[PDB]
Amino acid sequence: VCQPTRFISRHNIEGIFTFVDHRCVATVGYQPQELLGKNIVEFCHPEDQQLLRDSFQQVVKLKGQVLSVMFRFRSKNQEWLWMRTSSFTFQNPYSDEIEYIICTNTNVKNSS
């Protein structure tokens, strides 16, 4: 089977990339360093940015369940690629440290 192209990222609750898996180079064409420290919304099509902000806001309310969102991500070649980001929060209950958001980001088709 043809394997999906995807990469993992960690974000703070605001959406800033705090960790980026190197599989991002093949998925969207950027080096991890080009994403780290930026908000995911900075790579998102203007029509999708608010949905993406809403999603990050809601995943924290959903009790560690998975949220997904589909949006247009600007690749390194300045082309809009459809991405499906599936996100969930992680909080270590030995602590009261703030949860962060774990994402898996896959290039998908906007079609049936």
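Residue numbers here begin at 1 and follow the sequence given.
- Of the two stretches examined, 78 to 86 and 55 to 63, the record assigns the greater average C-alpha temperature factor to 55 to 63.
- In this entry, 64 to 72 shows the higher mean Cα temperature factor of the pair 64 to 72 and 39 to 47.
- The PDB entry assigns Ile16 a C-alpha temperature factor belonging to the lowest third of its chain's modelled residues.
- Remark: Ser9 belongs to the lowest third of its chain, ranked by C-alpha B-factor as recorded.
- Annotation for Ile101: C-alpha temperature factor in the lowest third relative to the rest of the modelled chain, per the entry.
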